[PDB]
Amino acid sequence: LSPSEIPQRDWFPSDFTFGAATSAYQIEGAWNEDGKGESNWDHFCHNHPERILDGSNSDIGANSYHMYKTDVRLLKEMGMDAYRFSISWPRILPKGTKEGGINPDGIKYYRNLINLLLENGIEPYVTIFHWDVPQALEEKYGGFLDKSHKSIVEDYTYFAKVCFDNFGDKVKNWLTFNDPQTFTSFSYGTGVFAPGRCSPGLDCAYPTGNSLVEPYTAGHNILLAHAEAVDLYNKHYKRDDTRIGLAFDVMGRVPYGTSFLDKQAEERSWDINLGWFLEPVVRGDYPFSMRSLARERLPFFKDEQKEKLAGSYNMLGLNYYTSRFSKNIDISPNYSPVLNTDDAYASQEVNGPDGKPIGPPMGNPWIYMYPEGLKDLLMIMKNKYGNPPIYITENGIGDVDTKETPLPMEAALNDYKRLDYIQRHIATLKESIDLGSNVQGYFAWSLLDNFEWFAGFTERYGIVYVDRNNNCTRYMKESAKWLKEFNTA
């Protein structure tokens, strides 16, 4: 990557935002201290260690509940403009409900972190929910599987309230949800995420759900929850200087072949991945393609739910990592969807028709570098969805570090493959910005190496190394080095 091709901070406006992000369950630890209630993930890891690649859990994680001061320190040192982190629902509301009571320690922790960030001039981008549903709600009504579409909605809205109430004065950027598609699809479709539900006959801890129905039920409840929280937010906490939205996980889609069929398959793929949650918050309802394909398996919104959903955001987060080639699949008696994602009638290929991958492999089993994909996504957001304020809330790669193939600390700190990847994506935002894209910021995903869900600790996504052998000592990597130089020059 040419020396002049390498991004410079002056390439972006002075009001542009650069930061890093994390998620509560992945870094906090102290899973059962100071009154924090049990979460779906606490439950899943403890009860199904066999469902985690290396059978680990996040009881400690990056131990950020105790070491948050150092996290804010690395942020300051790197010269980061902002920090995106999430709030653990069960740590704020142990039972997840109002009557359950608010846990003062949870409030204290987040209150302290936020103040520390401000103190050092780092803007806090708070994600209210990042997959950590209080187990209490999970057993009471299955959480977001809530068939009534009322319970999980009200409890989330209240949770949202407790956050707005205790942090509204200090937090100017809110994100109700993060990666809603990954959450519903992996937790109820493939079953790789807590609680591990999937259609009978599939390989997951609880093969007694419905991969073709539950993800949509969960998704429906997430959208209702989001709408309700934004409604509450806009009415009592919103200030001219504050904003609220949600972040979507999305893989770019490129027509497998030159047939117009694959172009249609590609469109169905954007719809089922990004459109699923984006269109509802934009126009108030699911993509036409999804409704025509999922059918009754995709709930309908009430007229009053659509009004609330439509325009329920001031900004949008995009978590981009890789792209895929979408290959057409014809509707036929020979084909029956099994997973919610099959409803798109398109296979997502890593390799194009020439046998070469859409982009160079970044290390783990799924990330393939293709910054052009981010460009296409931003063009869609710009030309099709109103060109709203966009923040790349996640972007990065995971360095594999297994028991069988340990990543030497030396090799872990020399993360040049990560640096190249980051510099390239940042350059893409520059190209997109010149093209009229409304991108306002970029958050390197994973400030710290941490628990990676079903992958456990087999992957290091941080720009900051965490030596869990030595009390989780943090060491900046080369990528973090460059970011510092980038922000401080």
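Sequential numbering from 1, following the sequence displayed.
Checked against the record, the higher mean CA B factor of 407 to 415 and 343 to 351 lies with 407 to 415. The deposited model assigns a higher average Cα B-factor to 94 to 102 than to the other stretch when 122 to 130 and 94 to 102 are compared. Across 269, 184, 166, 322, the entry's maximum B-factor at the CA atom is seen for 166. Ranking 155, 394, 139, 214 by the C-alpha B-factor listed in the PDB entry places 139 at the top. Sort the chain's modelled residues by C-alpha temperature factor and residue 16 lands in the highest third, per the entry. Residue-level temperature factors show residue 233 in the highest third of its chain, judged at the C-alpha atom. In the PDB entry, a CA B factor belonging to the lowest third of its chain's modelled residues is recorded for residue 252. Residue 377 sits in the lowest third of its chain by CA B factor, as recorded in the PDB entry. For residue 226, the recorded CA temperature factor ranks within the lowest third of the chain's modelled residues.
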